[PDB]
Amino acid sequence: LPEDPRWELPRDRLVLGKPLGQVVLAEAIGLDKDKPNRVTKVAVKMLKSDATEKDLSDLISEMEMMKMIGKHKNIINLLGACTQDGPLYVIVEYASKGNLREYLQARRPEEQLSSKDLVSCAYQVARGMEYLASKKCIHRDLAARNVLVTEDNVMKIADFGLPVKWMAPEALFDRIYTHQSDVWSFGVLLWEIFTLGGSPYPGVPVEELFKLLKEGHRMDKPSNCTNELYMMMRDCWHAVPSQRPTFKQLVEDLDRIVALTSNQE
């Protein structure tokens, strides 16, 4: 494995901690060459014990793609790597509050989220995707499980450099993935937000779903969701991919809704 000094961190600067789920929590000493006695909590990905050449080359590809995508506050960013003195470690931002799906579920009547919190969560995820889309990145598996939440409740898209129930019909039938299918997935994600982590299409057997969808079946409005946000979901689920809003447009619409949503409802 060849070295890349723009990202290399010496292996002894990383104190490995607990498993996160392979991914471990760790402390990086002097990650910022400016502030060299500072420790920063980071997440580190490395290979499993019985892991194949394929697994290795995918880890590297994911890393290489992360290098190219550049930084955004609403995605999980690359921070460094140890590639030399032993096993490959890929170092990324740590999100202390875990994934959004579990974050939401734990806050069903851990503390209540306001309506404004919920819309602002959607906004942030949309911003992340707007960025990824602007860099011509197609996610393919956008879902609340693939958003992570920081200590400061910043939402960050996960696993963007690499379930049927989040796939646009044209992804579902023809394996055609586009920015537009990701928008479909975002509509499902919106629905997850406003059900506080609900299971999509409850009781619908997977094998029935594409038929149901081609037929025009769509999820009902969550019990506590405005008509406005439900129409956004529905728009994301336009049968015709061209007719769905862009992430650009969703960001603008959500920004306006956030601003009109009080901290008190």
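For the two forms, the rigid core is made up of the largest set of C-alpha atoms that agree within 1.5 Å on superposition. Residue numbers here begin at 1 and follow the sequence given.
Greater C-alpha displacement in 7 other deposited structures of this protein (rigid core superposition, RMS over structures and residues), of 222 to 230 versus 198 to 206: 198 to 206. Taking 81 to 89 and 152 to 160 in turn, the stretch whose Cα atoms are more displaced from the shown form in 7 other deposited structures of this protein following rigid core superposition is 81 to 89. Unmodelled stretch separating residue 21 from residue 22: 4 to 9 residues (count of deposited-sequence residues without coordinates).
Going from residue 162 to residue 163, the model skips 10 or more deposited residues, which lack coordinates.
For the pair 187 to 195 and 166 to 174, the mean B factor over Cα atoms is greater in 166 to 174. According to the PDB record, 83 to 91 carries the higher mean C-alpha B-factor of the two stretches 83 to 91 and 152 to 160. The residue among 43, 56, 233, 28 whose C-alpha atom has the highest B-factor in the PDB entry is 56.
When the CA B factors of the chain's modelled residues are split into thirds, the value for residue 108 lands in the highest one. The deposited CA B-factor of residue 201 belongs to the middle third of values across its chain. Split the chain's modelled residues into thirds by C-alpha temperature factor. Residue 120 is in the middle one. When the modelled residues of the chain are ordered by their C-alpha B factor, residue 248 lands in the middle third.
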